[PDB]
């Protein structure tokens, strides 16, 4: 009963709402003040600081979506193994399915763990490039 899978699905939603959502917003404020002022005829090296951040934040949209696929990929692997695991002690071929559902699943987690580390990575920087907008 590793329904930490359901907990995780919930953390991903929160990460999306509290991390990614505020970041994307912060930067949207800047783009709209860039445009609202770029119309009154009034940005220089600032648009480099901002360019870089809305790319990290955009790489961070992508990355979360990449770990969210990876987990769907993994949830199929884990439920695959509980089907095979189950109908085996309903009694050599059944014994193999479990070994291979098992292999498919430790592999899915490996890919899942990877896509998380790479999401940890992307957001850590997006946080940073967006704080570096302490331009004067």
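Residue numbers count along the first chain shown, from 1.
Margin query: Are residue 91 and residue 92 truly consecutive in the deposited sequence, or are residues between them missing coordinates? Give the number as none, 1 to 3, 4 to 9, or 10 or more.
Written below: Missing in between: 4 to 9 residues.
Checklist line | residue 29-residue 30 interval: deposited residues absent from the model | finding: Nothing is missing.
Next item on the list: On mean C-alpha B-factor from the PDB entry, just flag whether 33-41 or 54-62 is the higher one.
Entry: Going by the record's values, the stretch with the higher mean is 33-41.
Next item on the list: Mind pulling up the entry and telling me whether 43-51 or 70-78 has the higher mean Cα temperature factor?
Entry: Of 70-78 and 43-51, the stretch with the higher C-alpha B-factor average is 43-51.
Notebook entry, point to check: For residue 8, does the deposited CA B-factor place it in the lowest, middle or highest third of the chain?
Noted result: Within its chain, residue 8 is a lowest-third residue by C-alpha B-factor, going by the deposited values.
Next item on the list: Looking at the entry's B-factor column for C-alpha atoms only, identify whether residue 24 ranks in the lowest, middle or highest third of its chain.
Entry: Lowest third, going by the recorded CA B-factors of the chain.
Notebook entry, point to check: Taking the C-alpha B-factors as the PDB entry records them, is residue 101 in the lowest, middle or highest third of its chain?
Noted result: Middle third.
Checklist line | Entry-reported Cα temperature factor of residue 108, expressed as the chain third it lands in | finding: CA B-factor rank for residue 108: middle third.
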